[PDB]
2 protein chains.
Amino acid sequence: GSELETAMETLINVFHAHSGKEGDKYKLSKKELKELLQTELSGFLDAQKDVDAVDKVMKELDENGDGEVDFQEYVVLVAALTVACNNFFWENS
Amino acid sequence: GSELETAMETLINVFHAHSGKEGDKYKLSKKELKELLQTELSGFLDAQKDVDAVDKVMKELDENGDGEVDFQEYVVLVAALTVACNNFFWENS
């Protein structure tokens with residue numbers, strides 16, 4: 001159980017605890033997930049100046065408004081917010 | 001710095017350390033990333049019986065053989081392997 005593998009495990013726990021809402025186990029409504037991503041990463045979206053980056057993730061919700069997201073999507077969007085900030089470190093002088 | 005936000009941070013560190021290969025910082029070759037995912041999640045692909053699941057992730061590499069992947073893709077495929085195992089817990093009797 002390395003930290004690398006454990007890091008992902010954390011995404012499973014949180015994803016589940018929230019999957020108990022309207023869904024059942026692996027099911028999760030977009031309405032609930034929409035707040036989830038920002039609920040755990042409320043700081044990131046606060047340290048990111050990229051307005052276009054958040055816009056893409058915001059509108060993306062309307063694209064999959066199907067009423068249900070996907071775990072694979074939960075892990076991709078949560079990170080998309082982080083990388084949308086680290087860029088601050090690497091930049092031209 | 002909550003554990004939830006820290007979990008994702010781990011993906012950034014590993015992704016970077018490997019981005020120093022042929023790439024530079026945010027760039028990473030598929031050839032190197034291909035081994036990366038399995039290098040850190042060598043156990044998962046060992047505890048997963050889903051042959052079709054791994055097949056999709058395996059062929060996916062040939063699809064983006066462009067020679068360079070994407071961070072967003074690094075986080076989505078690494079997890080795809082985990083979820084391809086947890087299912088063992090939830091199942092019909």
# chains A, B, ... in the order shown; residues from 1 in each chain; ligands from 1
>>> interface_residues(of="chain A", to="chain B", cutoff="12 Å", atoms="only C-alpha atoms", output="MDAnalysis selection string")
chainID A and resid 1:16 24:26 36:45 70:87 89:91
>>> residues_around(residues="residue 64 of chain A", least_positions_apart="6", cutoff="12 Å", atoms="only C-alpha atoms", output="PDB file with C-alpha atoms, in the first residue's frame")
ATOM      1  CA  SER A  29     -25.865  12.476  -9.789  1.00  0.00           C
ATOM      2  CA  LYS A  30     -24.230  15.425 -11.542  1.00  0.00           C
ATOM      3  CA  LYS A  31     -26.166  17.842  -9.348  1.00  0.00           C
ATOM      4  CA  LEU A  33     -21.086  15.808  -7.915  1.00  0.00           C
ATOM      5  CA  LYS A  34     -21.082  19.404  -9.139  1.00  0.00           C
ATOM      6  CA  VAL A  57     -15.045  22.770 -16.047  1.00  0.00           C
ATOM      7  CA  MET A  58     -18.167  24.767 -15.210  1.00  0.00           C
ATOM      8  CA  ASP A  70     -18.756   8.880 -13.958  1.00  0.00           C
ATOM      9  CA  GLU A  73     -14.763  11.825 -14.818  1.00  0.00           C
TER      10      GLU A  73
END
>>> atom_distance(atom1="atom CA of residue 69 of chain B", atom2="atom CA of residue 28 of chain B")
6.2 Å
>>> atom_distance(atom1="atom CA of residue 67 of chain B", atom2="atom CA of residue 47 of chain B")
28.8 Å
>>> select_by_dssp(residues="chain A", states="helix (DSSP H, G or I)", output="PyMOL selection string")
chain A and resi 3-19+30-40+44-47+51-63+71-86
>>> atom_distance(atom1="atom CA of residue 32 of chain A", atom2="atom CA of residue 50 of chain A")
24.1 Å
